[PDB]
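Colleague: Pasting an experimental structure, sequence included:
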Amino acid sequence: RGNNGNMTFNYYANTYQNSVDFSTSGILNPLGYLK
Amino acid sequence: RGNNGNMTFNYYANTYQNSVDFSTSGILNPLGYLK
Amino acid sequence: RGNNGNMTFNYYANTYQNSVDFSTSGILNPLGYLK
Amino acid sequence: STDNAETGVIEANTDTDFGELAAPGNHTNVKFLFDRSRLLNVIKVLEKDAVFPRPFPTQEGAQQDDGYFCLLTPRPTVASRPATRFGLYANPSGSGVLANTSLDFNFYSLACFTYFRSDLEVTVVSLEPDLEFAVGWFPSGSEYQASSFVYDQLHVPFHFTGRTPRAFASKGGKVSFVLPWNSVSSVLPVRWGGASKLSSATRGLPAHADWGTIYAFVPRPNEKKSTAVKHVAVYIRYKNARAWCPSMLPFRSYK
Amino acid sequence: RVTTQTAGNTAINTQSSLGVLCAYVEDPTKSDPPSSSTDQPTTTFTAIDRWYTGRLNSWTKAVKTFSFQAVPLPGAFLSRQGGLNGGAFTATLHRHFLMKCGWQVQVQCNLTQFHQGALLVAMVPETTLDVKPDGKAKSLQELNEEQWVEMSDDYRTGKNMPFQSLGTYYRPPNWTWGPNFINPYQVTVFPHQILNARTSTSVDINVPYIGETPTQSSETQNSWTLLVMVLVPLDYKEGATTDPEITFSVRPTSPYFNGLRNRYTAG
Amino acid sequence: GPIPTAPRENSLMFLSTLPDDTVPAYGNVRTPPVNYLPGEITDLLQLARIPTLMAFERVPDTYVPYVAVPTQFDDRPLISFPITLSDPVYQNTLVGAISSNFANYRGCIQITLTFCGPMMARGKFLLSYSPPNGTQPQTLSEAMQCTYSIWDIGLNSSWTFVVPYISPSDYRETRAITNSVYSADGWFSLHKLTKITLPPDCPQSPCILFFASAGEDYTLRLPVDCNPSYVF
Amino acid sequence: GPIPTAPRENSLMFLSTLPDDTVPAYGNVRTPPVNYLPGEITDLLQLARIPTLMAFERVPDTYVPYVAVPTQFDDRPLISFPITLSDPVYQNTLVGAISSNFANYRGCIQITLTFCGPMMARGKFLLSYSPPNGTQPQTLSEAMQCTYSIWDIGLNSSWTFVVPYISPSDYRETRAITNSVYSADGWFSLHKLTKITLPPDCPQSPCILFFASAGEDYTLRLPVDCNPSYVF
Amino acid sequence: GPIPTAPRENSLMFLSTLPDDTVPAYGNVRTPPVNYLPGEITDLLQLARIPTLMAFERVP
């Protein structure tokens, strides 16, 4: 996904590479529905 | 194939390394046939 | 643990990377108990 | 064919009237399009502890250090502060002080939505030959620490040390790193219509819509100040960008 | 083409109707309480689960293309613009700090087959047209003399929105652009319906809640703005009929309130 | 022991579009959730598929987005324009604005019309599409031979005309400079087949609105730089 | 043979917060055990959860940590203060001191009170919390409508008032500069509902002690630099 | 931690016939198919095996 080519090895952990949201616990839909 | 020596590891993905055509869905042949 | 990202490979041995004490052979406790 | 566009929701090739259903052959994806570097702003380089600009309005005869620092945001900015009306000094020589301004032309050329969110990846490039420098940054809502301390009768600005990241590059080098989305607001409003304060506010001026702040300085004591100025360039990238609702596009003149 | 929607103790009738536009997502009614606060919220009840009505300026031949009028929401309730009176809803609004709700509006006109013209109505999100360039909301008295807002290059470029004066220390730049321009040719992107003089009389839209936070301040939020613009100037044979009128209706949906206190006051 | 290595010829280079990540500096940060915001976008084609309005010069600003039918005519289409996306008429439409930032396009353009006038009027129109030629067709007789259709005023006042995509190459350029066969693709025109009958007491001169958008098989390939002219 | 490689654009860089280790120089060293020391700390929230005292200006150093009830009053709370952690009253409390070194906070503040005076006295107090408004509420009539509670002097002389957390954003700034809605969160005040009855032979003027701390769901997110002002 | 390494004697060299690839700059691009073109060549010996004519000085 995205303009990323590497597909073999990620060195740093995911948490330290990208932000993560904390839990609170082709086919394209149309942006308008007409009942 | 080609003047390429590496035969162990390709880092970047094939799609990002070479172009690909989109689908539309020794022994050497001679360039002249005489019926 | 700690501000350490690498989670794949440690090169040097643990004994040569960190000190070790020699043997002599969320949930947070409260610092005050009132009997 | 039969249709009713007044209702808004119109139906949906040549197979319908006369067909051709040319096979597919995803370069417009939001995640993919926005991943590439682009210039943001050009700033001076510090050589001593500086005094941050005062909030507007700034009266005549106020002592400060202007031209340094720079926000990290596509929205228009003035004097290193958030702004609404973009402007430039096309006029010839005048008086007073000229206010540095910035904007993301490429981003706004396709900013066709309202809300946005992504990670930012910063890098720095020098301009003058064989120049040595360093960078410092702090989150949104923080402040820049002033003053200096004495070591062996050398005045070292306080910004040499801090809990925020620092970067030292070799002679004629370059810097790069990726920062996390850290503002309090859930998403970045490309265009806004609210107010940030109960009274004396300005309509449509967001408060904390940015990624942080950046500055550049030389690793030397204050006792070795020079005369010639130096400059630095900045670039940014977006990672895992997302958009949340349609919008308009900039108007093109018919001249 | 004949339907009626009943809510609370009030109802609305439609002699002609194409349907209801559901905007971004299906079933906009569904919603959940916010997450940026703990105090228990106040929810819907019969006193506020009903419609409200107001009036707009008249339509005259003198009006030219692209002129428009705007009605901020919910700021219209607070300002009592066009005679709209929220009553219970306004009273509850003035006694709370945080709010979150959807919207559902309908606009009607009295065009007859002996008239030619067109109207376009859309729910533009996150815009500021009510405020004067000086930086002050347009008063009700000021809104009367000028019945329709005149489109101009300034509005097209967004060059005259509110701003902050720099001060004597700096020199005055040349303002040329801003992120709140108006592009007439692309207004159809937002949910809309064409109020043609030969096809129908009433149009309606349904929109969900949006905002850069799970909840917004109840005294300054301006998420949704109702916009009406003229595409084809009105024209008719002399002596037939003069200057039709306009009206609109509003109704909130699944609101929430937080932060009780006394009546809001300024100073 | 040390692992032998050999740096390549392009070391210490900076690329503005290299597909790779960078080392983190301030990681391990959480963010509030955004599941409450509806209407997430995934591809700009979703916005490209939305109709919008065009512009026209009008008689001697004057760029009204509609065309008014005259009373008397002279063997000539009411309005005609090329099919080059760089043309002024496509400037402010979403499809034109988006395409201007890409090099190659592919698919079928879509055009939609709508009538605005007295209910009790009548008439008939003819729509035409002429591939490239040595001279732009003018007369109705010429127009009829090419692809065309007939529009009749009735209960429904809207009609959609789909422009077929024919070209000698799979893709086509988005902006035209030399007007080569790779960019230009002919013309479009509107002809009044009959004379519009205005009912009594309805004054005169109805109007027509033009709606343009992208087809269901549109596509764009190569990104390019933008024009910051709008800032001045 | 040699392995091909390509150094990136950010080689030879020094980062002051890079999450990585360094090569050892004098490794293989043992240390005495420390299992004999009790009371190990793991998270500074443990210390943040401990009550402490506040300060007040006192009549015209004078920063006594208590407030004395006067004899005659005038339609006004005895003491009121904002809920901005940068306020002077929060300076020396542990919660304020710790939070000042972080950017964002989240949770519920906690306030605790205690009475100091003659045993055989009586009275009643009212506590209030007013979210942001155009003007700070003053009169008891205004105060009553907002969230509040009534404190009665009795066998137990201590009471805890929990300030609810309501805000338009998940997190909030820790220090206020513009007093925007993102930092300020209203005011707190104390009102004497009745008149305190001093028993005979007990001289006069009891005193009240203020105790503040952090709630059970407090949290801090972003570290920042410190202020070395305390060294001067 | 960092992996020890030792650059060789021929670092930063450019070879005009090195059998190796290079990093991509604008990847992820598709192209139209070419299955419609007949007569693809694989080895120049195919052309070398075709007769041709010679030359001779002729009289002056």
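Modeller: It's in. Numbers count the residues shown, from 1 in each chain, chains lettered A, B, ... in the order given.
Colleague: wait, does stretch E:195-212 contact chain G?
Modeller: No: Stretch E:195-212 is not in contact with chain G by CB under 8 Å from any CB of the partner chain; minimum separation 8.7 Å. Yep, even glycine has a C-beta here, placed from its N, CA and C like the rest.
Colleague: what about that stretch and chain D, any contact?
Modeller: Yes: Stretch E:195-212 reaches chain D (CB under 8 Å from any CB) through E:196, E:199, E:200, E:210, E:212.
Colleague: And the strands in chain A?
Modeller: Under the criterion DSSP state E, chain A contains strands at A:20-21.
Colleague: Quick one: name the residues of it near chain C.
Modeller: So chain A meets chain C at A:9, A:11, A:12, A:13, A:16 (CB under 8 Å from any CB).
Colleague: who wins for most neighbours among the residues you listed?
Modeller: Of all the residues of chain A next to chain C, residue A:16 has the most neighbours under the rule other CB atoms under 10 Å in any protein chain shown, reaching 21 neighbours.
Colleague: Alongside chain B, which residues does chain A contribute?
Modeller: Close to chain B, as judged by CB under 8 Å from any CB, chain A has residues A:5, A:6, A:7, A:8.
Colleague: Determine which two of the residues of chain A next to chain C are furthest apart.
Modeller: For these, the farthest-apart pair by CB to CB is A:9 and A:16; their separation is 15.3 Å.
Colleague: okay, now residue E:85: neighbour count?
Modeller: When counting by other CB under 10 Å, one arrives at 12 neighbours for residue E:85.
Colleague: could you measure the nearest residue to it once chain neighbours are set aside against residue E:224, distance?
Modeller: Excluding the flanking residues, the one nearest residue E:85 by CB to CB, 6 or more residues apart in numbering or on different chains is residue E:52, at 7.5 Å. Distance, residue E:52 to residue E:224, using CB to CB, to the nearest Å: 15 Å.
Colleague: neighbour-wise, which of these two wins?
Modeller: The residue with more neighbours, out of residue E:52 and residue E:224, is residue E:224; 24 against 20, by other CB under 10 Å.
Colleague: re the thing from before, can you list which of the residues of stretch E:195-212 next to chain D are found in strands?
Modeller: Per DSSP E, strands hold no members of these.
Colleague: Could you export these to CSV, including columns for neighbour count?
Modeller: Output for the residues of stretch E:195-212 next to chain D, formatted as CSV (neighbours: other CB atoms under 10 Å in any protein chain shown):
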residue, neighbour count
E:196, 23
E:199, 21
E:200, 21
E:210, 21
E:212, 26
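Colleague: Going by distance to residue G:204, which of the residues of chain A next to chain B wins?
Modeller: Residue G:204 has its nearest neighbour among the residues of chain A next to chain B in residue A:6, at 78.1 Å by CB to CB.
Colleague: What about that closest one, how many residues nearby?
Modeller: As a burial measure, residue A:6 scores 14 neighbours (other CB under 10 Å).
Colleague: And residue E:136, by the same measure?
Modeller: Around residue E:136 sit 12 other residues, with neighbours defined as other CB under 10 Å.
Colleague: just to revisit the earlier point, pull out the buried members of the residues of chain A next to chain B.
Modeller: Buried positions within the residues of chain A next to chain B, assessed by neighbour count (16 or more other CB atoms under 10 Å in any protein chain shown), are residue A:5.
Colleague: Give me the subset of the residues of chain A next to chain B that also touch chain H.
Modeller: Contacts with chain H within the residues of chain A next to chain B, counted by CB under 8 Å from any CB: residue A:5.
Colleague: what's the closest of the residues of chain A next to chain B to residue E:117?
Modeller: residue A:5 (56.5 Å).
Colleague: List the contacts of residue D:167.
Modeller: D:124, D:134, D:135, D:136, D:175, D:177, G:13, G:14, G:15, G:16 (CB atoms under 8 Å, 6 or more residues apart in numbering or on different chains).
Colleague: can you list the residues of chain E near chain G?
Modeller: E:35-39, E:97-98, E:213-217, E:258-262, E:264-267.
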